[PDB]
Each structure stands twice: as C-alpha cells, then as structure tokens.
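> To start, I am sharing the structure in question, which I have written as structure tokens.
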Amino acid sequence: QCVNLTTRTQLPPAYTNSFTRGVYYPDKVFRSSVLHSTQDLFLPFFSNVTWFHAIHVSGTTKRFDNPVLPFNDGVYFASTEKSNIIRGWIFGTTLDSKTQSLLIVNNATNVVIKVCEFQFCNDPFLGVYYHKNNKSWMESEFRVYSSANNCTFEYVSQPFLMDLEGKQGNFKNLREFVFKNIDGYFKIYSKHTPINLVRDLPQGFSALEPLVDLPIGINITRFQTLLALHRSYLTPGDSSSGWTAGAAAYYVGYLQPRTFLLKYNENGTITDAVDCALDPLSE
Amino acid sequence: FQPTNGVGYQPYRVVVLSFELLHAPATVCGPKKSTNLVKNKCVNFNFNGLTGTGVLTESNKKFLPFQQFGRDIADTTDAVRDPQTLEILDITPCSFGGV
Ligand SMILES: *[C@@H]1O[C@H](CO)[C@@H](O[C@@H]2O[C@H](CO)[C@@H](O[C@@H]3O[C@H](CO)[C@@H](O)[C@H](O)[C@@H]3O)[C@H](O)[C@H]2NC(C)=O)[C@H](O)[C@H]1NC(C)=O
Ligand SMILES: *[C@@H]1O[C@H](CO)[C@@H](O[C@@H]2O[C@H](CO)[C@@H](O)[C@H](O)[C@H]2NC(C)=O)[C@H](O)[C@H]1NC(C)=O
Ligand SMILES: *[C@@H]1O[C@H](CO)[C@@H](O[C@@H]2O[C@H](CO)[C@@H](O)[C@H](O)[C@H]2NC(C)=O)[C@H](O)[C@H]1NC(C)=O
Ligand SMILES: *[C@@H]1O[C@H](CO)[C@@H](O[C@@H]2O[C@H](CO)[C@@H](O)[C@H](O)[C@H]2NC(C)=O)[C@H](O)[C@H]1NC(C)=O
Ligand SMILES: *[C@@H]1O[C@H](CO)[C@@H](O[C@@H]2O[C@H](CO)[C@@H](O)[C@H](O)[C@H]2NC(C)=O)[C@H](O)[C@H]1NC(C)=O
Ligand SMILES: *[C@@H]1O[C@H](CO)[C@@H](O)[C@H](O)[C@H]1NC(C)=O
Ligand SMILES: *[C@@H]1O[C@H](CO)[C@@H](O)[C@H](O)[C@H]1NC(C)=O
Ligand SMILES: *[C@@H]1O[C@H](CO)[C@@H](O)[C@H](O)[C@H]1NC(C)=O
C-alpha cells in the first residue's frame with residue numbers, strides 16, 4: 014500500500030538558532046508573583062535546532080524532508096504552517112512490527128492516537144486532491160501504516176472538518192510541542208501563537224501548557240513527522256511523482272537537563288525565564 | 497443442550513478475568529469513592545495526593561485550566577481545585593494556640 018516518493022533533490026540540512034522559546038510548565042502547581050527554580054528537562058535559550066524545509070519551486076529544489084529523527088530525552092517541535100501541512104508524528108524505537116510504537120495523526124476528521132506495533136514505511140504521508148469539479152479537496156490515501164496488530168491504546172476525538180485549502184502568503188500559524196517520556200508516561204505540551212512570518216520565527220516567549228498525559232510503557236528512541244501532499248490535474252506523475260508540497264517548515268530541538276528560573280505573574284502564567292547555564296550574568 | 501437437562505448438563509456461561517501487572521503504568525483501577533464537601537470546619541482532606549489538615553473555604557482567585565493545586569511563598573499548600581466542581585478552595589491551618 015505504501016508508495017515511495019521520487020523527484021526529490023537532496024539539500025544539505027540547515028540550522029536555525031532558536032530563541033528563548035521552549036519553556037513549559039514543569040508541574041501543575043499554582044504560583045503567583047514568585048521566582049521558582051526548576052531542574053527538569055528544558056530547552057536552552059540558544060542551541061542548534063534543525064530546520065526542515067517543505068516547499069515546491071516553479072522549476073529551475077523540491078524538498079519533502081521528513082526523516083526519522085532520534086529521541087534522546089525530549090524534543091521541541093515547533094511548526095510554522097500556513098495550510099495545516101503537518102498531520103502528526105510517529106514515535107517508537109525501531110518502527111517495526113516487533114516492538115510497539117506510538118501513532119499520533121490528524122486525518123482532518125479525528126485525532127487518531129493509537130499505540131500498536133505497526134509496520135511503518137520510509138515515506139509515510141497523507142495526500143489531498145484539488146478537485147476542480149466540486150471545488151472541494153476531500154483528502155484521501157491515508158498512507159502511514161500497512162499492518163496494525165496487538166493494539167494496547169486507542170483514542171479518537173470528536174468528528175470535525177478543519178481547513179484543508181492551500182493558503183497563499185506567509186506562515187499565519189505557529190504550533191509548538193514538547194514531548195517527554197518519563198516513568199512510563201508520555202507527556203505532551205502544546206501552545207498556539209498566531210504570528211505572521213515567512214522564515215526564521217521571531218523572538219518571543221510562550222509557556223507551553225500541558226495538553227495530554229498518555230500512560231504507555233513503551234520505549235521511545237526515534238520519531239518521524241507526518242506531512243501532507245497536494246495533487247491536482249497539473250501534476251506530472253502516476254504513482255511516485257505527480258505531487259506538490261505546500262509551504263511549511265518545522266523545527267526540532269532536543270531537551271537538556273538545566274536549571275531555569277521561572278517568573279510567574281499574578282495569574283499564574285509564566286512570563287519570563289532565565290537559563291543559568293548559557294553565559295555569565297545569568298548564573 | 498436440551499431444555500429438559502438437569503443440573504450438571506445445562507450450559508453454563510463462564511467468563512475468566514485475568515489480572516496482569518507489568519512495568520507499564522497502571523491504566524485500569526477501581527472506582528475511587530467521593531465524599532461530600534464541608535466548609536468552615538477543621539477536616540482532613542485528600543483530593544489527588546494531598547494529605548493535609550485544614551479548613552476549606554471559598555476563594556477569590558482563579559487557577560489555570562490545568563493547574564490542580566497551588567502553594568504560597570513559604571512552600572506550603574494554600575489552595576486546591578475541587579476535582580468535581582472545578583472550584584478553588586483555600587487551605588488554612590486550623591486553630592493553633594496555647595491556653
Ligand atoms: C463532574 O460531576 C459533577 C456533578 O455534580 C458536575 O457538576 C455539575 O455538572 C452539570 C453538567 O455540566 C452542571 O449542570 C447541571 O446539570 C444537571 C444535570 O443535567 C441539571 O439538573 C442542573 O440543573 C445543571 O444544569 C451542574 O451545574 C454542575 N454542578 C452541580 C452541583 O451539579 C461536573 O461538571 C462534572 N465534571 C466533569 C469534568 O465532568
Ligand atoms: C522504497 O525504497 C526502499 C529503499 O530504496 C525500498 O526498500 C525498502 O527499504 C526499507 C528501508 O531501507 C526496508 O525496511 C524495506 O523492507 C525495503 N523493501 C524491500 C521490498 O526491500 C522499498 O521497497 C521502496 N518501497 C516500495 C513500495 O517499493
Ligand atoms: C550548529 O553548531 C555548530 C557548532 O560549531 C555551528 O555550525 C557549524 O559551523 C561550522 C563552521 O562552518 C561547520 O563546519 C559545521 O558543519 C557547522 N555545524 C552544523 C551542525 O551546522 C553553529 O553554531 C550551529 N549552526 C548554525 C547554522 O548556527
Ligand atoms: C480518520 O480516522 C478515524 C479513525 O481511524 C476514522 O474513524 C473510523 O473510520 C472507520 C472507516 O471509515 C470506521 O469504520 C470507524 O467506525 C471510524 N471510527 C470512529 C470512532 O469514527 C475516520 O473515518 C477517518 N476519516 C477520514 C476522512 O479518513
Ligand atoms: C467530487 O465528485 C466526484 C465525482 O464522483 C467524487 O470524487 C470521486 O468519487 C468517486 C465515487 O466514490 C470515486 O472515484 C472517488 O471517491 C473520487 N474520485 C476522484 C478522482 O476524485 C466526489 O463526490 C467529489 N470529490 C472530491 C474530491 O470532492
Ligand atoms: C502484544 O504486545 C505485548 C507487549 O509486551 C505483549 O506482552 C503481548 O504478548 C502481545 N500480544 C500478542 C502478540 O498477541
Ligand atoms: C526499554 O529499555 C530498557 C533499558 O534500556 C529495557 O530494560 C526495557 O526492556 C525496554 N523496553 C522495551 C519495551 O523495549
Ligand atoms: C491577569 O488577570 C486579570 C483578571 O483576573 C486581567 O485583568 C489581566 O489582564 C491578566 N494579566 C495577564 C498578564 O494575563
């Protein structure tokens with residue numbers, strides 16, 4: 014069922030120095046007008062963050080980079096999208112049928128969260144079809160996993176229908192995620208910040224709030240991003256070619272154990288933070 | 497299986513509930529009972545894991561949609577959100593004084 018993707022010129026991976034972003038709530042304790050010191054898996058204020066491009070030029076590099084990235088202690092996933100290209104992620108250890116894996120994917124109707132030993136592929140992705148007849152997209156061809164067996168966890172959300180059209184302009188959406196796997200619990204943090212940029216996301220601070228806590232006793236070693244593809248009548252290709260990727264880019268930063276000084280305001284929301292491992296005047 | 501069979505030869509539907517405990521976090525537990533609230537009285541409380549002793553009264557603060565409990569500057573539990581009513585209740589230590 015899986016179909017590989019050709020006509021993808023390889024380009025050297027770029028890196029973007031992340032800003033003070035990446036700070037989240039380490040616990041569910043309410044604090045107001047106090048400076049608390051925490052020693053947990055955080056993200057440094059300035060570190061190498063791998064920049065992954067997903068664009069489609071008009072001719073004389077088509078990039079659809081979504082490789083299998085490692086998961087040492089926690090990853091900071093920030094998405095700068097304009098048409099909801101990223102559908103989800105694929106967590107696990109070897110992404111094979113011998114060990115269990117985590118599948119989090121949004122297929123435009125439900126938030127599919129399954130923990131089974133799937134049989135993934137090299138290029139797992141979703142696709143849409145720009146059908147000019149009924150002026151609708153109606154995405155299909157869910158190509159993520161081939162064989163699902165021995166499921167231990169499953170969660171779906173209420174049916175909905177998000178915007179699947181390809182917007183033209185700049186990235187008017189920013190979704191930040193922080194994934195952690197400690198004591199058998201998979202903690203997910205999320206934060207949505209409406210911005211307006213094209214590349215190299217601006218400097219700012221956004222405290223990521225805890226979203227879900229999925230108890231799953233599985234080992235997470237590597238993860239892969241699930242992107243989407245656009246197809247229409249003006250696409251030369253039958254099986255492997257004949258697709259285009261909308262303008263999107265995501266950033267991946269690995270967490271490191273450091274000490275952060277969290278600043279709470281009168282409403283219990285983290286306003287600023289200080290990483291006392293970066294440079295002088297910080298300690 | 498005939499309807500005229502006596503005890504011993506009649507069909508008996510039997511189910512087996514096998515309990516398994518592994519290194520994975522516990523997902524299935526027993527129904528945790530809940531009691532009624534009480535205000536303006538020195539009563540021990542237990543919401544999620546907080547085992548303290550104080551008087552619970554209505555508060556005027558607002559927690560975040562995910563923060564369960566809070567604490568003061570002295571690192572002492574000050575308030576906690578009710579797990580059913582989603583209301584914040586202050587925690588004050590009971591009357592401590594010498595005669
Ligand atoms: C956990 O359960 C409690 C049960 O008291 C929920 O509190 C109550 O929730 C209902 C539904 O949102 C509130 O509306 C009430 O519904 C009943 C039944 O339909 C109706 O007879 C009432 O006239 C009222 O409309 C209700 O105000 C609220 N509080 C009380 C004291 O009943 C609570 O919402 C539940 N929490 C979760 C997260 O499910
Ligand atoms: C897609 O390309 C790969 C390699 O170019 C083909 O080979 C698969 O490679 C992956 C990882 O290297 C293995 O896990 C698979 O078992 C390989 N498959 C086979 C049949 O050897 C792969 O076959 C290609 N996909 C399709 C659908 O042809
Ligand atoms: C990533 O960290 C390295 C640490 O030096 C820096 O980029 C390196 O720059 C040198 C000098 O040309 C290259 O030889 C290395 O290949 C670069 N490494 C990487 C991983 O790109 C820099 O601090 C960071 N990268 C960027 C783009 O800021
Ligand atoms: C998105 O994924 C969900 C979950 O996999 C799909 O919901 C199931 O779809 C199958 C096949 O249509 C049904 O047999 C199930 O009853 C559905 N389950 C629930 C809970 O709804 C959903 O159909 C998918 N949507 C799209 C557009 O692919
Ligand atoms: C637009 O109308 C077309 C016309 O039928 C439908 O799309 C096709 O529906 C048939 C019937 O199941 C199947 O061949 C495929 O599901 C569709 N094929 C193609 C090539 O699109 C559907 O009603 C509408 N499709 C969209 C994308 O809006
Ligand atoms: C499913 O996977 C779990 C993982 O430990 C294993 O214990 C169980 O035996 C498996 N069930 C099967 C293969 O039917
Ligand atoms: C996870 O790793 C630990 C040690 O690294 C090992 O003991 C355990 O069996 C692993 N679990 C799985 C499901 O691979
Ligand atoms: C804090 O909350 C008050 C109302 O409770 C509001 O007026 C104020 O704008 C909030 N401040 C911040 C920084 O959110």
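Chains A and B are the protein sequences, given in the same order. In case it helps, the deposited numbering puts the first sequence at residues 14 to 73, 76 to 298. Going by the deposited numbering, the first residue of the second sequence is number 497, and it counts up by one from there. Every residue gets a Cβ at the ideal spot worked out from N, C-alpha and C, and that includes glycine.
(1) Run down chain B in chain order and give the residues with a C-beta less than 9 Å from the C-beta of residue 224/A.
(2) Under a three-way DSSP split, which group does residue 213/A fall into?
(3) Return helix, strand or coil for residue 75/A, following the three-state DSSP convention.
(4) What does residue 47/A touch in chain B if you count any residue whose Cβ is under 8 Å from its own?
(5) Relative to the C-alpha of residue 57/A, which candidate in 203/A, 91/A, 225/A has its C-alpha closest?
(6) Please report the straight-line C-alpha distance between residue 214/A and residue 207/A, rounded to a whole angstrom.
(7) By the criterion of Cβ-Cβ separation under 8 Å, what are the contact partners of residue 44/A in chain B?
(8) Any heavy atom of ligand 3 within a distance shorter than 7 Å of the CB on residue 61/A?
(9) Which residue marks the beginning of the beta strand (DSSP E) containing residue 594/B, and which one marks its end?
(10) Can you list, in chain order, every residue whose CB sits closer than 6 Å to a heavy atom of ligand 5?
(11) Given this structure, state the Cα-to-Cα distance separating residue 177/A from residue 118/A, to the nearest angstrom.
(12) Less than 7 Å between the CB of residue 284/A and some heavy atom of ligand 8, yes or no?
(13) At 3 residues or longer, what runs of the beta strand (DSSP E) sit wholly inside the stretch 96-174 of chain A?
(14) Between the Cα of residue 223/A and those of 258/A, 198/A, 262/A, 277/A, spot the shortest distance and give me the residue it belongs to.
(15) Quick one: what does DSSP say residue 548/B is sitting in, helix, strand or coil?
(16) Specify whether the stretch 30-48 of chain A and the stretch 226-240 of chain A touch according to this definition: at least 3 beta carbon pairs, one from each stretch, less than 8 Å apart.
(17) Quick one: give me the first and last residue of the beta strand (DSSP E) that residue 189/A is part of.
(18) Is residue 233/A near ligand 7, judged by its Cβ being under 7 Å from some heavy atom?
(19) Using CA atoms only, rank isn't needed, just tell me which of 551/B, 565/B, 550/B is closest to residue 557/B.
(20) Do you know offhand how far residue 537/B's Cα is from residue 544/B's?
(21) How about the stretch 153-160 of chain A and the stretch 110-128 of chain A: do they share at least three Cβ pairs that are nearer than 8 Å?
(22) DSSP three-state label for residue 66/A, please.
(23) Just to confirm, are residue 41/A and residue 563/B a CB contact at a threshold of 8 Å?
(24) From residue 200/A to residue 18/A, what distance separates their C-alpha atoms?
(25) Helix, strand or coil for residue 278/A? Go by DSSP, reduced to three states.
(26) Under 8 Å, do residue 131/A and residue 93/A count as touching if we go by C-beta distance?
(27) Cβ atoms of residue 187/A and residue 209/A: under 8 Å apart, would you say?
(28) Is residue 556/B near ligand 8, with its Cβ less than 7 Å from a heavy atom?
(29) Give me the residue from 532/B, 584/B, 552/B with the minimum Cα distance to residue 43/A.
This is what the structure holds:
(1) 560, 561, 562
(2) coil
(3) The model contains no atoms for residue 75/A, which sits in the stretch where chain A goes from 73 to 76 directly.
(4) 569
(5) 91/A
(6) 17 Å
(7) 566, 567
(8) yes
(9) Looking at the DSSP string, residue 594/B is not in any beta strand (DSSP E), and its letter there is neither H nor E.
(10) 144/A, 146/A, 148/A, 149/A, 151/A, 153/A
(11) 20 Å
(12) yes
(13) 103-107, 116-121, 126-131, 135-144, 155-160, 168-170
(14) 277/A
(15) strand
(16) no
(17) 188-197
(18) yes
(19) 565/B
(20) 20 Å
(21) yes
(22) strand
(23) yes
(24) 35 Å
(25) strand
(26) no
(27) yes
(28) no
(29) 584/B
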